[PDB]
Structures are given as C-alpha cells and as structure tokens.
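Written out below as structure tokens is the structure these notes cover.
Please treat every number below as a calculation from the coordinates, not as lab data. Every residue, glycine among them, receives a Cβ derived from its backbone with ideal geometry; neighbour counts consider all protein chains shown.
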There are 4 protein chains.
Amino acid sequence: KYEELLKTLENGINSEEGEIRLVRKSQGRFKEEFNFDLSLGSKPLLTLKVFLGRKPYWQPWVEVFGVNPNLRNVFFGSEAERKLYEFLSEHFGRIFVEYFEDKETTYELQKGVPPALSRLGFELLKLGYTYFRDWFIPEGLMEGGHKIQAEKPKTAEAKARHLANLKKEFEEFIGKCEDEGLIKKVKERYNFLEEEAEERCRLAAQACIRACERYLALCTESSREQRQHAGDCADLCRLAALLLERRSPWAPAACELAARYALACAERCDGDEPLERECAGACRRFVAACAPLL
Amino acid sequence: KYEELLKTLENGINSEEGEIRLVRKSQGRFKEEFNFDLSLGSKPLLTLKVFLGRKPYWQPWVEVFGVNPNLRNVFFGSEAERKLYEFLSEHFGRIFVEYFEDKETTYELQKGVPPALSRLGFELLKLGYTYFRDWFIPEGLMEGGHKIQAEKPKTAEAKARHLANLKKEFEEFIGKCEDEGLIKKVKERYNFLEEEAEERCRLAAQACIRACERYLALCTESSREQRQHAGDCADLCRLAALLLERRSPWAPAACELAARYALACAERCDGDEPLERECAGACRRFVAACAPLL
Amino acid sequence: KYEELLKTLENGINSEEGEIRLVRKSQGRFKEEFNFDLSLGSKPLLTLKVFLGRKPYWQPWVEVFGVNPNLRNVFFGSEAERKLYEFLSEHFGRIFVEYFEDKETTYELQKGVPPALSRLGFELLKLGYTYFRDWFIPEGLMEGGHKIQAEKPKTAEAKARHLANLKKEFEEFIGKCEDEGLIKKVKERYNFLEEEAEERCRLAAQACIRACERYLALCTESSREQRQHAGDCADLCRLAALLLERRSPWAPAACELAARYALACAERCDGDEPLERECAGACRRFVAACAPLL
Amino acid sequence: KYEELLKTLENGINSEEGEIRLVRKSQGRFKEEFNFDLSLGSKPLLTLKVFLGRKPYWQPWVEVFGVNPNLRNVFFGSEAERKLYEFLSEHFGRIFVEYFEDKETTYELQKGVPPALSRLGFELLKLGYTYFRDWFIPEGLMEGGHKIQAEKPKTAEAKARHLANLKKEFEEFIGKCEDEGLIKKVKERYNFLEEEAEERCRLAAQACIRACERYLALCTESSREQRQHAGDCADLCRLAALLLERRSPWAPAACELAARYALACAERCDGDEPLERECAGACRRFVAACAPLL
C-alpha cells in the first residue's frame, strides 16, 4: 500500500499549471511518519506528511502543509486542484489541508459558511469526503493552526446522515448571512452538486436502460420472468431519467421505486454471461447513484 | 317508465334455449305491486314481482321467483342468463334472485364464497351491481328464504368503496377455504375481473394523459407548479398504463405512486375552466380505478 | 315486533306539553301499511304511517305526517320532541318527518344548512340517525312534498363514513353562508355534539376505571397478567378521561391507545364472575364510546 | 493531563485480587507514545500503551496488552475488572483490549454475539463506551490480532444512534444463534440494560414533567397553545413514567405516543428564556431516552 502512492508521485502529476514531482522525500519522526517535499513546475510547492496506517489504533491519512503563497491565485480553482484531490482520495480516508495561504477560503470560512461549502471544501466534498472539522485554533500541541480536516463516510448510513446534517447547516447559514454575493456563490455550489448527483443517476439509468435493452433482445435464453424483470426495469429507469433531466421535484420519489426494482432486476438476471453481468452491474450502478436522493 | 319494460316483455326476449313471453300479468297486492308469470319455450318458467318505485320511501326493484327446476341444467350459464340480467339492469337499481333451484350457487354460497363471486352472482356483478346481501334464513320470521339481493352503486365513491370491500372478502375467503377446485373457479372469475379492473385503469390513465396533455398545452394561464404537476402526472400515468397493458406484476406498485401524484395533480390544477375540470376529473378517475389494485 | 310499539302507544307517552295517546288506529292500504292518528293533551295532533318490514324487499320505517300547526311554537325544542324520537329510534331504522309546519327548520334548510344540523335534524342526529335526504320537491308520486328522510347507519364503517361526510358539508356550509346568527346556532350545535360524544367517553372511562379498580382489588383469584392488564387499563382510561374533560385536541390520539388496550383488558379479564363481567363490559363500553373520535 | 493518570497509577489501584502498581514505565517509539508495564499482587500482569492525544490528527486512547494467562480465571468478572475500566474511562475516549487470553469472550465473540454484549464488552458498555470494533484478523497486514476497540459517544445523538444500532444487532443475533444457554446469558445482560434504559426514561420523564410544570406555572407570557402543549405533555410523561416504574409491557407503546408529543411540546415551547430552554431540553431528553424502546 506504500508504493502505490509513491509510484504515481515519482512518476509525476500532469497539470496545465506545471507538473508536480517529488523534490525531497523522507521517513518521518516515527516508524510510520513520512515527509514528502514536492515541486510544481520549477519551484518547491508544498510538503506532504503521510500515513499508511498502523492498525488498530491508527487510521490512514495525509496532511498538506507549507504551501507556496506565490502560487495562490494560479492553483486554487484549476485543473491542478481538482486532480490532486482525486489522486489522494484513492488512498486516504482522512485529509488535512492548510487554508492559511488560501485567501478565498479563510475569508469564506470566517464569513460563517459551512466548511464543506467553502471554495476549497466544495472540491473535497466532491471527492467523497463528507465529515468536516475546521481548525482555526492550534489548541496547544498543533503548529500551523489553520487547517481543514475532511473525512470519507464510514457507512452508507453515515453518508446520508451527514448530508442531511449539512443541509440543516446550509438552511441555518442562509438565514444568518447578510453577504448576498457570497450567499449566491454558495447557493449555486450547493445546487450544482445537487445537480451533479442527479446527472450521475441520469447516466447510470441511461447505461442501465441499454444494458437491459440488449439483455432482453440478444439473451434469448432467458426466463419469461427475466424478460419481464429487465423489460420493466428499463421502462422504469426511463421514467426516472426523464424526471432527473428536468430536475423535477417528484424525481427522488420516482428513483426510489426504480431502485428497488433495479436491484430486483439484477438479482434475477445476473449470471456468467457478460450480457447478464452488464445488466446486473448497470442495475447496481443506477441503484448506487440514487442513495444521495434517498 | 312502466311500459318501457312491459313493451320489451310482451315483445318477447330471444334466446337459443327458448323465447320468453308473458303468460299471465297482474297488478299486485298494492297499487305499485305487479306480478308477471313468464314462459320459456312452451313451458311457464318463473314469476316476476316488479316495482316502478313510489318515491320517496321506495326504491324501484325486481324480484324473480318460482323458477322451473326442470330448466336448471339448461339455463344457468347460457346466452339466456346473460341477456335477462342485461335487460333488467336497464330499469332496476336493485334485483332479488331466488337461488333455491340453482344447485351450483346454493352449493357455492354454502361453501363460503362471497355472494358476488358465486356462479350466479358473478353474472350480476358484471351487469353493474356491486352491493350484495344473501338471504338463506327463513327462520320463523321471513318468507322467500333463499334469495340474493344485489344493488347498483349509488356513486363512483361507493363503486370502488365496495370493490375494495369485496377484495378483502376474497382475501379472507381464500385463507379459509380448503376446497381447491372451487377456490380456483373463484380465483379465475376474480382474475377475469382483475383483468377488467386493470383495463379500466389503463383507459382511465389514457384519458388522464390526454387531459393533462391538453391542460399544459392550451391552458397557458397556469402556474409553473401546475405545468409541472400536470406535466409529470402525464408521464406517470404513461409508465403505469404501459405496465397495465402487459399485465405486469410490478404494475400495482407503479399505479400506487401515480395515484398519489394523480390526486396531487387534481388538487393543484382544478378550477372553473373545463380544461381544468377535465384534468382534475381524469386525475380522480385514474385514482378511482387503482383502488382494486391497492 | 308489531305490538311492542302499539303497547307503549296505547299506554301513552308522557310530556310536560300534554300526554299523547292513540285517537284512531287503522290497517293501511296494503297488508303491511298501518295508519295511526294520535292526540296531544285534548287535541288530535298527527298521523303515523308505520311499517314492521316485509322482508327481503322492505326495510322497516315510520312516517310522521299531518301535524298540528297550532302546536308549532310549543312542541319543537321541548321534552316532548326529544322523547318521541327516542321512542321511535328503538323500533325504526328509517324515519320520515314532515317539516312543512315547522317554520324554523324550513327556514334553516333553505338557508343552506345541512339537514342533520337543522334545528329538527340535530335532534334526530342525536338519536343515532346519520344518513339524510331532504325532500322539498314531491317528485311525482309523493303527496306532502316537504319531508326529511333520516336513517341509522348500517355499519360502524358507515357511521364514521357519514360523520366525515357531514364535517365536509359543515366546512363547506361555513365558507358559503353570510347569515352570522344562523352560522353560530349551527357552530354551537356542531360543537355541542362533538362535546356530548367526548362526555359519553369520559363517563364510559370513569365506570371502566372503577370496574377495573374493583377487579384488581377484590378478585384476588386472578393471574398477574390480569392484574397488570386491568391495572394499566385503569391508568389509561384515567389519562384519557383527563384529556376529554379539558376538551384537549390530543385526546382522540389518547383514546386510540386506551381503546386498543381496553379491548385487550376485556379479553383477558372476562369470565363467569360478575366482577369479571363488569370489567370486560366497562372495557367494551369505553371502547364503544371512542369510535366517534376514531 | 499526563500526570493525573500517572499519579493514580504509581499510587496503586486496590483490589480484592491484588493491588496493581507500575513495574516499568517508558516513553514510547514516538514523542506521544508511552509504554507502562504493571503488576497485580507479586506478579508482572500487563503492559499499557497510552496516548494523551496530539491534536488535531490524534484522539487520546489507551491499549491494554500482553496480559497474564495465569490470572485468567481470577480477574475477569471481579471487583478488579470493574474498577480498572472505571479508572480508564475518566481519561480515555477510546480503549483497546486484547481478548486473546480471555477464554470466555473469545468463545462468545466467535459464537456470533455483538462485541458490546460479550462478557468483557458488557462491562465496557456500562462505563460509557458505545461504539465497538472487533479485531480477530491478523491476516498478513495487522499486528495485535485479537483486540476490541471501544469508544465513548461523541453526542447525545450518537449515543441513542448507536444503542438503536445495537438493538438491531441483538434482534438479528437472537434470530441466528441456536446456543440457548449463551442466548440467555446475553438476553439477561441485555435485559439488565433494558432495565437501566427504562429507568433513564423514567427519570427523563420526571425532569420533563417538572420542566413543563414550572413552564406553564411561571412562564405567564406564553400562548394558550403553549400552555396546552406543555400541560398535556406533562400528563403524558406522567402516565408513561408510571408504566416504566412497574416495568409494564404496555409501556413502550405508551412512551411512543408521549415521545411524539414530547418533541411537539419542545418545538412550540422553546425560546431564549431558560424556563423555555429547560422545557424543550427536558422534552428532547425524554424523547432521547425512548429510542431503545422503539
């Protein structure tokens, strides 16, 4: 698990704003601490303190620290930002990000926005992190007291547990803030993610419709229960995907009936055959896309 | 109203099993009682005690009594049976039918079947009668001791009110009877009516789709909530009606979500306008068609 | 069934406004028609056309007709009114009452009040009649075209079916009428009956509490399940009866939990013993009082 | 925070089975790791690896490891067990306990019992720990392969969140295990905690009754809806608390109606005022106590 990250790091990470590569990597204060200085274009950018985990007391995590204030108006909001979080989310359940040098997020946080909805948090939100803790106080034994803790949900219970919690913080924030040009920049980000979750469902449904369409067509060896299961399942994902595309308010009520028959289509149509496997898989995907709506 | 019946009776009623004509007609015990002896082929068949009504204390009704036991294996289940009830349903809200000489229905009733689902009741069920009362007890108080009372529904509310009531009696009967060749002969009769019940829903949904289709189109004066309410409502009735036509097993699950939004479409789209009134009415109809499935 | 009524009629019916007795009784136009002229104090008051029933086509009913207009401001609203309906409700499912000579009810009906809520209907409402039909048109074959039809509910399903229907007519009437001194005289009658139904429950609960109180006390031979069943049952009827007395809005929600345990107390505590029989009976009563709230 | 524990450890911890004292204490692999060998009576018993916390990446925790298998039938279930967990719960949010040498718990865990309900877990459950993770797998990745993770709840929301989760695991376990002398040993342990859970509800209800009693009394500035909301709410918590004290079987049915009106009392009575805040808070508490029963 240690060299999967260190291979894609010495490899280098491509961006329009300069490629990153390791400048100085070291094994940290303890057996499991590691300290990686990195470089963006020509310049030394930031230091990465990482953790593979040391079971059972320790979770695995990554901290990003000591960033380059010269690169403050270039980096944040770029391809480079988006790609670096996508990289780290593949190996780290928790992530710690210094917002000391980010002028937008510091400002935003302090204006009272929920940490997930901040400019910088909004991006980590998108990469599967749901839990958030904002440190502005260094609280004794921590140096560099301006960091965001973010965590991927433990369960599917916790992921919709937190999202509900975030919505209440969003409703509360909106009935507190008087800054109306900030309040929009968060409303649009809040809504836009609501929209992205629907569009994933819309595409999951699309590929499920075709995966069923081909199933009933070309799998002639199939029970009549299976031709009905997949047949109806396709018409459902249809109606749902229609309501998603029009961001209809009745759509999550639709997706709920589709998902329970989608999982029912999967369980009766799956098999060794690849057309069967794709029907089931595309049923499971669509099902997996609807949890943010339910 | 008196001579519309007596003209089609002296005219005679054609059947493959003999034509019926009046043999002896008389004006009964009271001003409004009438007693008609009838003949099938050569033989005197039965007596008809009829009532044009004597408002406001009296409903209009017909009793059939004193039937010919020689014609017991010829009549019941023929063209002749079907046509005689179709005739009477055109003038009589209530109908009283002696099942003393019918060996199949007596037997069936006794075996515990709901009166509507009996061999003989099943036919009166088809001719628009919904309410049923089975008299088997001439217990020291009652003359005319083996007769079925049947009645046409007062409202569209009562017709789906009763059909729901019948379904519960059908579910209860099915979890009580051990006679498995009777239990099928009722399931199949119930089934055919389930099939009639789906097609009513399918057509109710059809006329609802168009009633919404025209609403959003030609009622330009309508809120954007109303254009979404009726717009989505149509797509629902669509998916449902698809599953009904293919007698799909997932269809009642579909109709359930449609009905709850169909009643929601009605309440937000109804008004003085006829296009509004038809949207609501066609929403209510579809809703009224789905009660036999839920 | 014929002489139970005719014995309490030749006996005479006591009132503060004069005693009624039969003046001329006769057997009517048909075998089952009967026509009874009656007398209040010295004077001939009204004629009663009655019906014991002639199964299975006929329900049993009583019509009151040809009343004394001199007794118009004396009778209506007296002890005499209340007692005469209480008498007739013991033998007649349906009742027909001429409102031609009643100046208050004619007026009220026409002002658009629901027939049950009229001055005269309100009293028949109290005596277990729920269904109502108001004849102002004589519709051909009826002489004296100013009569109220009233009927006792067929089931417990129909009694709360109709009461719900009446409430909607009451809400609709209240959003239509501009006569504000009539509108109160109906609001107070509507509310007052809501109140009387609660008070019956309150007293049914009271006698149930004591019937349980004595049970657990003096029936020492009783299971510990039974001492808990009746013990808890008493505490429930307590909390309920508290909320009823304060006409609390949360009371019907309370009565609902009490009733389901009241019927549970009955079924486990009943027996041959009279203290057992009274516990069960008082449990059933309380249960029977809560149906108007549920 | 470091020497509060190390002062009560060098002091020594008294038990009927021998007093514990530190034999060899050392500062561990990192700045914040500490490794304490301890002694029970004459013998070296176990090693304690502790953590004061190193914010913000680190929670504070204690691991117990390398225990004495000779002391296996003496310790577990004694005064000594109970007291050691009570000590540690005062400084540690999380606790890691090796169950390698405990024959009862290993066995029990394996038999499929939820970790909290095990012999050893049941005790840590009592000391305010709610979350549980059972490590049995040192599968080629993990050192320290037979240890129980246990954690104190973050909120009052999480504590009844988890207890509900445990109940479902208890219901699931009970419908899976065929070992009937184990299944009782867990039912009885679960039962005692059910009994603790009712008494919490009883006291939550008590403090809620008084919090409402004072509200309606001394908050004279209050709507008449609020005086009814809190007034009735108190009478409910009354009836419930009565049934809890008698461990009545109808009590959870009672608590269910109370809780839904308790949360309704809170939402309409809460405010800036402390008497308002205590009414709402005591309503929420009672509500929070009833989740283990529902």
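Where in region D:218-289 are there GluC sites (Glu not before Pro) that are in a DSSP coil and have at most 14 other Cβ atoms within 10 angstrom of their Cβ? Walk me through the numbers before you get to the answer.
Working: sites: D:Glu221, D:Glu225, D:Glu245, D:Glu256, D:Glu267, D:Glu276, D:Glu278; in loops: D:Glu221.
When the GluC sites (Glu not before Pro) of region D:218-289 are filtered for loop state and at most 14 Cβ neighbours within 10 Å, D:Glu221 remain.
Taking 0.36 nm per residue of sequence separation and subtracting the Cα-Cα distance, how much length would be gained by fully extending the chain between C:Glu196 and C:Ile183, in nm to one decimal?
Values: separation 13, 0.36 × 13 = 4.68 nm, distance 1.99 nm.
Result for the pair: 2.7 nm of gain on full extension.
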*asked:* Among the complete DSSP H segments of chain B, which ones combine at least 24 Å of alpha-carbon extent along their axis with a mean Kyte-Doolittle hydropathy of 0.5 or more?
replied: B:251-269
*Tell me the label-point distance for the pair C:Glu245, C:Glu4, using the 7 Å Cα-to-Cβ offset, in nm and rounded to one decimal.*
3.8
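Among C:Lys1/C:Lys103; B:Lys103/B:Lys126; B:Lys154/C:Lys31; B:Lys168/C:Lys154; C:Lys147/C:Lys167, which pairs are too far apart, with a Cα-Cα distance over 25 Å? Kindly include the intermediate steps, with their values, before the conclusion.
Values: C:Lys1/C:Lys103 35 Å; B:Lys103/B:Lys126 21 Å; B:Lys154/C:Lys31 30 Å; B:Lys168/C:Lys154 18 Å; C:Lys147/C:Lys167 23 Å.
With Cα atoms farther than 25 Å apart: C:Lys1/C:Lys103; B:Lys154/C:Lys31.
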_Label spacing, shortest first and in nm, from B:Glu10 to its equivalents in the remaining copies (7 angstrom along Cα→Cβ)_ = 4.8, 11.4, 12.6
*In nm to one decimal, list the spacings between the B:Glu180 label point and its equivalents in the other copies, with label points set 7 Å along Cα to Cβ, shortest first.*
3.4, 7.5, 7.7
_Approximate spin-label separation C:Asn11-A:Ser42, in nm, with each point projected 7 Å along Cα-to-Cβ_ = 11.9
*Express in whole angstrom the spacing between the alpha-carbon centres of region A:180-251 and region D:175-211.*
45
*asked:* How far apart, in nanometres, would the label points at C:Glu267 and D:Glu157 be if each is projected 7 angstrom from Cα along the Cα-to-Cβ direction?
replied: 4.1
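For the protein assembly as shown, what does -39500 (n - 2.57) per DSSP helix run (n ≥ 4), summed and divided by total residues, give at 222 nm, in deg cm²/dmol to the nearest 500?
Values: 40 runs with 612 residues, N = 1176.
Per the formula, -17000 deg cm²/dmol.
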*In chain B, what residue has the beta-carbon at the shortest distance from the axis of the rotation relating B to D, and what is that distance in angstrom, rounded to the whole number?*
B:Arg260, 12
*Can you list the trypsin sites (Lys or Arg not before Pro) in region C:223-257 that are in a DSSP coil and have 15 or fewer other beta carbons within 10 angstrom?*
C:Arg246, C:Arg247
_Using a 7 Å offset from Cα along Cα-Cβ at C:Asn68, what residues in region C:1-39 end up with backbone N under 17 Å from the label point?_
C:10, C:12-25, C:36-39
*Sort shortest first the distances from B:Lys103 to its counterpart in every other copy, using label points 7 Å along the Cα-to-beta-carbon line, and give them in nm.*
7.1, 8.0, 10.3
*List the relative contact order of chain C as a percent without decimals, with contacts defined as Cα pairs under 8 Å and 6+ residues apart.*
10
_GNM top mover of A:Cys201, A:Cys219, A:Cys283 - chain A, alpha-carbon springs below 10 Å_ = A:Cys219
*Please give the average number of partner chain Cβ atoms lying within 10 Å of the Cβ of each residue in C:52-64, rounded to a whole number.*
4
